[PDB]
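Asker: I am attaching a structure below and will ask some questions about it afterwards.
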Amino acid sequence: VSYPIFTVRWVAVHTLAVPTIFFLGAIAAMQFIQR
Amino acid sequence: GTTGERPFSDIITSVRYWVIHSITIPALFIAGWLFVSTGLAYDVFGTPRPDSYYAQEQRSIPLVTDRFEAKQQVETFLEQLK
Amino acid sequence: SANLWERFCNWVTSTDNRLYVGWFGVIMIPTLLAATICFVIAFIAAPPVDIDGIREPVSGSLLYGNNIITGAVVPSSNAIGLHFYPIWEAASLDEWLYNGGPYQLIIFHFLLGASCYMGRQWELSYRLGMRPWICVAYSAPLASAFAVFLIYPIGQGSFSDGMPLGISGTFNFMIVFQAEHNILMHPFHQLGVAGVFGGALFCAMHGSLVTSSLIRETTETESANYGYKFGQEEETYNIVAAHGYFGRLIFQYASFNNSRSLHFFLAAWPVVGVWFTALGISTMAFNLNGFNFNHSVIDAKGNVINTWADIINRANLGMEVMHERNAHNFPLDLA
Amino acid sequence: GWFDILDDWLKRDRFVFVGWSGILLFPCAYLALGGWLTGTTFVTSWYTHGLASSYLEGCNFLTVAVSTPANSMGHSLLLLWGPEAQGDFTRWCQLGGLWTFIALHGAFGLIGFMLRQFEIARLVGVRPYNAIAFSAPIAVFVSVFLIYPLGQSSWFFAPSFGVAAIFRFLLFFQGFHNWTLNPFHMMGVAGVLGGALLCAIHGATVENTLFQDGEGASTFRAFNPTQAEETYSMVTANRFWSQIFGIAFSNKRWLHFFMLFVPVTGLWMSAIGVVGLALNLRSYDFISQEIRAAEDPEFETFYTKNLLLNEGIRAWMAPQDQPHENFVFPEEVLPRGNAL
Amino acid sequence: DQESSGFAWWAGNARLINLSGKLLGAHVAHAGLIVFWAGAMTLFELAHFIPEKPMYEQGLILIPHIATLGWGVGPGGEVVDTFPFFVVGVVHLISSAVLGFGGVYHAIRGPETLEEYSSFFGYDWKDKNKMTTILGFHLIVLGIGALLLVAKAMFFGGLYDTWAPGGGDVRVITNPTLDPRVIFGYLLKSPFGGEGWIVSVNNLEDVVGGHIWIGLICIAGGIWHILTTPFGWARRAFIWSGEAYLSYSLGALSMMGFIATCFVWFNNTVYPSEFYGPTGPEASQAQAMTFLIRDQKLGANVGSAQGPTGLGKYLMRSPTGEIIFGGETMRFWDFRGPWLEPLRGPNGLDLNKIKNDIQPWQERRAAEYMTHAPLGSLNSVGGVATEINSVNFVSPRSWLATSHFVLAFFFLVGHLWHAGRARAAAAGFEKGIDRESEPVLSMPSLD
Amino acid sequence: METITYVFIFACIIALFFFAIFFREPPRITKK
Amino acid sequence: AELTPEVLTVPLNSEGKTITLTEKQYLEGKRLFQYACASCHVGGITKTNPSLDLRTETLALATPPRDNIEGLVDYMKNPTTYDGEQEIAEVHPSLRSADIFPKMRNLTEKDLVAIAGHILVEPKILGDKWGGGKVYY
Ligand code: CLA
Ligand code: CLA
Ligand code: CLA
Ligand code: CLA
Ligand code: CLA
Ligand code: CLA
Ligand SMILES: CC1=C(/C=C/C(C)=C/C=C/C(C)=C/C=C/C=C(C)/C=C/C=C(C)/C=C/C2=C(C)CCCC2(C)C)C(C)(C)CCC1
Ligand SMILES: CC1=C(/C=C/C(C)=C/C=C/C(C)=C/C=C/C=C(C)/C=C/C=C(C)/C=C/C2=C(C)CCCC2(C)C)C(C)(C)CCC1
Ligand code: OEX
Ligand SMILES: [Cl-]
Ligand SMILES: [Fe+2]
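This is the structure:
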């Protein structure tokens, strides 16, 4: 079949995936903070 | 048992996907990393740094005591080098 | 007579009995009858019990100032500990009732019978040509009774620390447990409520989905239940219409279409979760407690920055500091 | 008409069904989950509870939380553009604005979600017994996260969104409300525990009374997705439980409704009890018990024991659990047993 | 060879029930994993091991197992030479490669079945003769092993005896209790408070002696099963199938798993408090000791001291009259230990020895065990759930006991599961009720 | 008075148990 | 709100003279305090004798004075009772009893000074917490 690319599913998936990794990257950096 | 969307199996398997996402996915990661490591996150959410919970001598907590003049009261708490 | 004993064995094993008294039943029925009769009599008329062995009798029976909610069967004395205390071990019944004698008689008989009850849940399944493993599901609530009535006392070194047989007495067991073990901050317990919440969740899930996808065979002013006859050939609900709905609620592949894969999950989730919660009490019976994040996050100077974990610790201290008033003589509670 | 064309699009069978409900559900639901995940990692609870509550401060998955606003705020909605935050975002965060954000948003998200159930059921043409059931989780959230603090002094005494922050909410209700002694609560656990039993027992019963519809041992493949005959022997199941337990089902339609009733009814009862705890109309004591306990220093039940535990909880927790009260409890006034 | 048309993927290892060859590979590859762990872990423990520091404060569970056998230790459990630890570790780790080799080989190269490639090694589950024979083989192998312990104890060095006359030290046992009345007496002992059944062993003479009996008996039954077949009742009672035999051994391990849990938690002898931590009762006993010692030095008469309840602050009586420690520690009046025994008399704790025979080494021993009770958190924070972070510690007795109970339990479930299937497999309905011939439908209605 | 009330209800539940088990409606197959 | 050298300035001897520790010494002391003290002296208390704590004030009224580097260090070698009228090295960890208390074998004079410093710096930071028990947790 000739499937499309940008779809409603694509939107949804990204609304969760994009912030997630951005957070996973943020948290990963926190592991090195100290005092 | 099927709809318009392109079957995940194909996409997660397609070389084109990875050619894209080997760039995109690490990019966000490094971005989130910088968000913290540059101390920006501290200012965006007013989260105290390890040396910004109390004043040097003070051992009291900066508890907000009134709603309407809270914002003003909060700023006053930052004043005492907190 | 073809043979008395041979007939006897045939009556026991008989699948034509209203209640299947099995071979496990031969042990179950007497033990359960002893437990229940002693319980009922105790719960009503038993005298106060010196649970903590400090000569400080705790009354938990109806006739002695209690009601259903407060009333309980008080655990054996702490002076007895893990010692075996049958009726024939006491100078008199008066002494036996004072030292929490009934408690042991009940829990031992119960746990014994309740185990045979599991054994019987296999036997009948065998005699009827159906698959076993039903008893395996019952192993989870049983292992909890075992953990609460036997394992924890063994670990702690006394039956006086086993869960009392009553409503308010059960609440006491929990509050104190939380103080000394911080059970809320333990993975196994968390897995427990996960199975229990999920269980109730899934129970409502399945329940609703099925009953909502019933094939119409009833009148507008007639009970929808009558649209089913005991001993049907075909199904009474449209499992394909059910999957169609729930498949659209979330998304298709996150929905069951296999009734067998469904009911397995329906059984697996709670049993496994309760299995862990049973292992939780059994693990914390040897003082391997929940996470201790007290005074974890501290600032650049060294000051202690409190978390919710600290707020929990304060509540726990109050329980610890106040439980069993006159029972302690020394700083550390190591028993 | 544009409406029916708008309708057409929304009600289109996609991978993730949108629908009219989706216009309410997805925005709120996403912001609610997002707001939590945000505060969980970044926002602090220092200026509101004197607590660290984020990964950024060093909290872990258990100790993290989106804490309630200060007691000063009252029952304020705490709008970003409200008199408190005054449009400021950072201030808004520090005043626990994210709590009312998560709460109110999530609340509407629960409204949209049940509406979705209603909307999807109608389209598929199935009975809405999935929406009726979902009323129990609603009542709980409404009663606990909204009604309860609305009866108290402020949002501050509502359960904070977080693992540990919920555990103290439990211990609090014990110490202060004696929540375990409440009949409505007892019915609650009776429904949940009994519901988690029905779930277990029914699944196991079915899997172990199945017919043989295949030649393999893994009987999972041997199921017919297209109805037809019953996949498990309802008749055998009946005779089984009738002999081991004495009582047994014999009407699948009732058995499944029962599986709906029990857990939904339980949660509803637990809700009513909490609604009473808002006005502090708790089931704390038994007057008959206290009166004898006063006159008679030798009368002791497991009930009296528990109350002493409550006194300990209240005294030792209140100072750091209610900062706004500026509590100061001298060592000598702290209720304590011997040695400990 | 084997795929979906036999079992499901998540039940894969059940496709090997009738593949003796490959089924041997698994057991040999698996046995390598056990040797691998034992080896690699010992070296891991040693790599972190600090000599001038208690073993229980270092999370050791294998090195203290070696210490018990009299290896690298001396007076009071003092670590002398760490070489035997290094040896035991590396030798194992090596043998894992040998076993692992055969394991991999028999499972992917060698014969998929054994019956043809060797009729001696090939077997039939229903072959009651081969089964009791293979069982007879292992019954000897285990039998010799039991004597391997006896040899080390009597000849090759001895064992660590905490009850040592001059104080805990490696001692050569040259007088094993062989009296059957004494030995088999333990089996007739109660499992409750006081009479402690098997766990109540309190001297190496019985330990070594008992193992002599087991060693002989085991090999004796080993020969018996080689040269015989199951009787009449033995055949009409059990189920004879590959799964059935598994189940029997599953419940067996479960039972032993429970016994081991109580052993490491209660026993003092075969689990020295010098290498492991102080046992649960021991620690609570120590606290009573400690403060009895303290306050007495402040001029208090411990004998007549009256506690809050009027029971006896420091000393009270047991239900049978013996003089014991006071407080909540009344539940642990069944505790026996080297440090405490010299204070005990014919009627329990002697008030005269307590008054002026207290030795300094006992005082600090009590202090030691008191501040090292088996209390801790999952994240390893020693003390009560309300303690503060500082002392990173959780008694090895706690780790072992909890771990081995979970395993023991799940194995009892594994038992029920596999025994229930075996009964249904044999009679033939482990795959569903026969749609045509439904048994229940042929039984009269009880209604 | 209270004790009596508690035991009575309890005794009533046990009585019910009996009738529920041994005096139920006979579960009839197919032709129901 | 940080560990300044202003905070790490503790009295060296009885004659008023002071010493200034470093963030390296502090951490090292804190670690060593966990290694050989925390077992009984967690959070400044004394499990085997709750009557005597590690409060600076308590150490000051000791005999001899133990509220300084020199004091504590001497104690860690030859410990005495609160009046000093009795040596307790036999039932208390010390250098002259390292054979009895293996943990004290490694410990060198540098370690002793670090541990001593830790005891004096903690109350400066924690305050009432350092002295009290569960009440201040
Ligand atoms: C449909 C989805 C939806 C819904 C129901 C809500 C609902 C809410 N949001 Mg919200 N939000 C959404 C999507 C949604 N949000 C999205 C997608 C975002 C991301 C941009 C946000 C971001 C967001 C933030 C950042 C905040 C909220 C907040 C709120 C709450 C208070 C807002 C308020 O006062 O409403 C006002 C209601 C209206 C404006 C509706 C008016 C509709 C009428 C018909 C229009 C009339 C206009 C006309 C000019 C009037 C003329 C009258 C004349 C006399 C002048 C409320 C629960 C606040 C909150 O949670 O506080 C704790 C808050 O601070 N929202
Ligand atoms: C001597 C021990 C022993 C042996 C030899 C067997 C052998 C067998 N079992 Mg088994 N079983 C045992 C103990 C044992 N069992 C115990 C103690 C239990 C109770 C839990 C079970 C429960 C059980 C069930 C429920 C089933 C079997 C089945 C089987 C058969 C197929 C094997 C299989 O499914 O592998 C497949 C193996 C896996 C899918 C791996 C499972 C992984 C586990 C669950 C997780 C372990 C957690 C781990 C410690 C954490 C690691 C962290 C991770 C991040 C790395 C096979 C004959 C199956 C069968 O066909 O019945 C005859 C079957 O359905 N067993
Ligand atoms: C103790 C763990 C263990 C062991 C020893 C085995 C052993 C075996 N399994 Mg198995 N299995 C296990 C766990 C285990 N399983 C678990 C947990 C699951 C669930 C996921 C399964 C699921 C499963 C299925 C579904 C099947 C088996 C099968 C088999 C058999 C054939 C293996 C095969 O196909 O080779 C194929 C080998 C390869 C593809 C290459 C793997 C590389 C090798 C084997 C490992 C090398 C080890 C090491 C790194 C090398 C050291 C070398 C050194 C000594 C020099 C074999 C006896 C099959 C069977 O029934 O046999 C007919 C089969 O169909 N297993
Ligand atoms: C089973 C026996 C056993 C016992 C008693 C111990 C005991 C110990 N180990 Mg150890 N270990 C074991 C097996 C065991 N280990 C194995 C098999 C391995 C190989 C992976 C290791 C590898 C290992 C390392 C690398 C280290 C230890 C360390 C330690 C010590 C510190 C304990 C600790 O912090 O762990 C805490 C561990 C946990 C809290 C994890 C609990 C995991 C549970 C069991 C998961 C259960 C979930 C369940 C399976 C989910 C399945 C359900 C699903 C199917 C639905 C302690 C003495 C440490 C040490 O010596 O330092 C002092 C150390 O560094 N161990
Ligand atoms: C559980 C252990 C076990 C068992 C039962 C078998 C069984 C078998 N193996 Mg074998 N094997 C094993 C472990 C085992 N293996 C290991 C660990 C390895 C890796 C080194 C191998 C490597 C291996 C190879 C390379 C081959 C076999 C083969 C065979 C088969 C032919 C018999 C044979 O070669 O013996 C012949 C040898 C003897 C009869 C005598 C050996 C005695 C040794 C030298 C002493 C053992 C001492 C022992 C540890 C202590 C016991 C004494 C104690 C009672 C006091 C047979 C089915 C062959 C095969 O596939 O043919 C079908 C084959 O080519 N095996
Ligand atoms: C683990 C090793 C092992 C295993 C698996 C077996 C397995 C078997 N043996 Mg056995 N045997 C062994 C070691 C072993 N033996 C040793 C070492 C000896 C030498 C003493 C013997 C001597 C021996 C004889 C003389 C006979 C067997 C027989 C049998 C077969 C039938 C067993 C039976 O029906 O018992 C079922 C047991 C009962 C019905 C009795 C139950 C009552 C028990 C003993 C008491 C309650 C147990 C309780 C829960 C545990 C508490 C401990 C207790 C001390 C208080 C079976 C294949 C018989 C056979 O078929 O011959 C080939 C037979 O006649 N065995
Ligand atoms: C607030 C706010 C907002 C919102 C925001 C958002 C919406 C966000 C989002 C966010 C997000 C959305 C985030 C996410 C995150 C995520 C994460 C971070 C995750 C993680 C994960 C993990 C970690 C995992 C784990 C696991 C599990 C769970 C299971 C098992 C296994 C594993 C381990 C894998 C706005 C702007 C509107 C407005 C203002 C305010
Ligand atoms: C069958 C199968 C399987 C399994 C497998 C196995 C189980 C294997 C095993 C394996 C093994 C079991 C291996 C072993 C190995 C070992 C080795 C190889 C060793 C080595 C050693 C050495 C080398 C030594 C040396 C040293 C020393 C002495 C010290 C120092 C360091 C060192 C370490 C170097 C699986 C599941 C996968 C899959 C399916 C099939
Ligand atoms: O009992 Mn109930 O409480 Ca387990 O802990 Mn110790 O003893 Mn008594 O004290 Mn706490
Ligand atoms: Cl209490
Ligand atoms: Fe069902």
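Protein chains in written order, with the authors' numbering: chain F, 11 to 45; chain E, 3 to 84; chain A, 10 to 344; chain D, 13 to 352; chain C, 27 to 473; chain T, 1 to 32; chain V, 27 to 163.
The beta-carbon is built from N, C-alpha and C at its ideal position, and this holds for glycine as well.
(1) Counting only Cβ pairs nearer than 8 Å, list the residues of chain C close to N132 (chain V).
(2) Rounding to the nearest angstrom, what Cα-Cα distance links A149 (chain A) and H337 (chain A) in this structure?
(3) Check whether chain A comes within 8 Å of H268 (chain D), counting only Cβ atoms and requiring the distance to be less than that.
(4) Does the Cβ-Cβ distance between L442 (chain C) and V35 (chain A) come in under 8 Å?
(5) For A263 (chain A) versus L183 (chain D), is the C-beta spacing smaller than 8 Å?
(6) Apart from the five residues on each side of it in sequence, which residues of its chain come closer than 8 Å, Cβ to Cβ, to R51 (chain E)?
(7) Taking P77 (chain C) as the reference, give the member of V:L146, V:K155, V:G158, V:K129 with the closest Cα.
(8) Is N325 (chain A) helix, strand or coil when you go by DSSP?
(9) Within the present structure, is the beta-carbon of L89 (chain D) separated from the nearest heavy atom of ligand 1 by less than 7 Å?
(10) Can you confirm whether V117 (chain V), when its beta carbon is compared against all beta carbons of chain C, has any partner nearer than 8 Å?
(11) Cβ of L68 (chain D) within 8 Å of Cβ of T53 (chain D)?
(12) Check whether the region 299-306 of chain A touches the region 410-418 of chain C, counting contact only when three or more Cβ pairs, one atom from each stretch, lie closer than 8 Å.
(13) What residues are listed by DSSP as bridge partners for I307 (chain A)?
(14) Would you tell me roughly how many angstroms separate the C-alpha atoms of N335 (chain A) and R348 (chain D), rounded to the nearest one?
(15) Can you have a look at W20 (chain A) and say buried or exposed, based on whether 16 or more other CB atoms are within 10 angstroms of its CB?
(16) Give every residue of the same chain whose Cβ lies closer than 7 Å to the Cβ of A54 (chain A), excluding the five residues on either side of it in the sequence, and list them in chain order.
(17) In the DSSP assignment, find the unbroken alpha helix (DSSP H) run with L272 (chain C) in it and report its ends.
(18) If you follow the beta strand (DSSP E) that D103 (chain A) is in, where does it begin and where does it stop?
(19) How would you call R27 (chain A), buried or exposed, if buried means at least 16 neighbouring beta carbons within 10 angstroms?
(20) What would DSSP say about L137 (chain A), mapped onto helix, strand or coil?
(21) Can you find a C-beta in chain A that's less than 8 Å from the C-beta of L58 (chain V)?
(22) Any beta-carbon of chain F closer than 8 Å to the one on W35 (chain E)?
(23) Please say whether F232 (chain D) and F260 (chain A) have beta carbons closer to each other than 8 Å?
(24) What does the alpha-carbon distance come out to for the pair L41 (chain A) and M85 (chain D)?
(25) Kindly identify the DSSP beta-bridge partner or partners of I350 (chain C).
(26) Contact criterion: CB-CB distance below 8 Å. Does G48 (chain E) meet it with respect to chain F?
(27) Which partner residues of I303 (chain D) appear in the DSSP bridge assignment?
Answerer: Per the coordinate set shown:
(1) Locating residue 132 (chain V) in the seventh sequence gives position 106, where the first residue counts as 1. Residues of chain C passing the Cβ test: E78.
(2) Numbered from its first residue, the third sequence carries residue 149 (chain A) at position 140. Numbered from its first residue, the third sequence carries residue 337 (chain A) at position 328. Pairing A149 (chain A) with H337 (chain A), the inter-Cα distance amounts to about 35 Å.
(3) Taking the fourth sequence and counting its residues from 1, the one referred to as residue 268 (chain D) is at position 256. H268 (chain D) counts as touching chain A.
(4) As a working note, residue 442 (chain C) is residue 416 in the fifth sequence. As a working note, residue 35 (chain A) is residue 26 in the third sequence. No, these two residues do not count as a Cβ contact at 8 Å.
(5) Within the third sequence, residue 263 (chain A) is the residue found at index 254, counting from 1. Within the fourth sequence, residue 183 (chain D) is the residue found at index 171, counting from 1. In this structure, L183 (chain D) does not lie closer than 8 Å to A263 (chain A) by Cβ.
(6) By 1-based counting over the second sequence, the position of residue 51 (chain E) is 49. When the five nearest sequence neighbours on each side are left out, the beta carbons in the same chain lying within less than 8 Å of the beta carbon of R51 (chain E) are those of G41, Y44, in order along the chain.
(7) Taking the first residue of the fifth sequence as position 1, residue 77 (chain C) is located at position 51. When each option's Cα is compared against that of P77 (chain C), the closest is V:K129.
(8) Stepping through the third sequence from its first residue, residue 325 (chain A) is reached at position 316. Helix.
(9) Here residue 89 (chain D) is taken as the residue at index 77 of the fourth sequence, counted from 1. Yes - ligand 1 has a heavy atom lying nearer than 7 Å to the Cβ of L89 (chain D).
(10) Along the seventh sequence, one-based indexing puts residue 117 (chain V) at 91. Yes, because at least one Cβ of chain C sits closer than 8 Å to the Cβ of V117 (chain V).
(11) Working through the fourth sequence from its first residue, we reach residue 68 (chain D) at position 56. Working through the fourth sequence from its first residue, we reach residue 53 (chain D) at position 41. Going by C-beta atoms, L68 (chain D) is nearer than 8 Å to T53 (chain D).
(12) yes
(13) On the third sequence, residue 307 (chain A) is found 298 positions in, with the first residue counted as 1. For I307 (chain A), which the question treats as bridged, DSSP gives the partners A:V313.
(14) Here the question's residue 335 (chain A) lines up with position 326 in the third sequence. Here the question's residue 348 (chain D) lines up with position 336 in the fourth sequence. Approximately 10 Å between the Cα atoms of the pair.
(15) On the third sequence, residue 20 (chain A) is found 11 positions in, with the first residue counted as 1. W20 (chain A) should be labelled exposed.
(16) Taking the first residue of the third sequence as position 1, residue 54 (chain A) is located at position 45. Same-chain partners within the cutoff: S70, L72.
(17) Counting from 1 along the fifth sequence, the entry for residue 272 (chain C) is found at position 246. Unbroken alpha helix (DSSP H) run through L272 (chain C): 268-292.
(18) Taking the first residue of the third sequence as position 1, residue 103 (chain A) is located at position 94. No beta strand (DSSP E) holds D103 (chain A); the alpha helix (DSSP H) holding it covers 102-107.
(19) For this step, residue 27 (chain A) is matched to residue 18 along the third sequence. By the neighbour-count rule (16 or more Cβ atoms within 10 Å), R27 (chain A) is not buried but exposed.
(20) Counted from its first residue, the third sequence places residue 137 (chain A) at position 128. Residue state, collapsed to three classes: coil.
(21) In the seventh sequence, the residue the question calls residue 58 (chain V) occupies position 32. It does not; no Cβ of chain A falls within 8 Å.
(22) As a working note, residue 35 (chain E) is residue 33 in the second sequence. Taking Cβ atoms only, chain F reaches closer than 8 Å to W35 (chain E), which makes this a yes.
(23) Within the third sequence, the letter at position 251 stands for residue 260 (chain A). Within the fourth sequence, the letter at position 220 stands for residue 232 (chain D). No, the Cβ-Cβ distance between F260 (chain A) and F232 (chain D) is not below 8 Å.
(24) Here residue 41 (chain A) corresponds to residue number 32 of the third sequence, with the count starting at 1. Here residue 85 (chain D) corresponds to residue number 73 of the fourth sequence, with the count starting at 1. The straight-line gap from Cα to Cα measures roughly 58 Å.
(25) Stepping through the fifth sequence from its first residue, residue 350 (chain C) is reached at position 324. Looking at the DSSP output, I350 (chain C) shares a beta bridge with C:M342.
(26) For the purposes of this step, residue 48 (chain E) is identified with residue 46 of the second sequence, where counting begins at 1. No, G48 (chain E) does not count as interfacial toward chain F.
(27) The residue given as residue 303 (chain D) occupies position 291 in the fourth sequence. None, per the DSSP bridge assignment.
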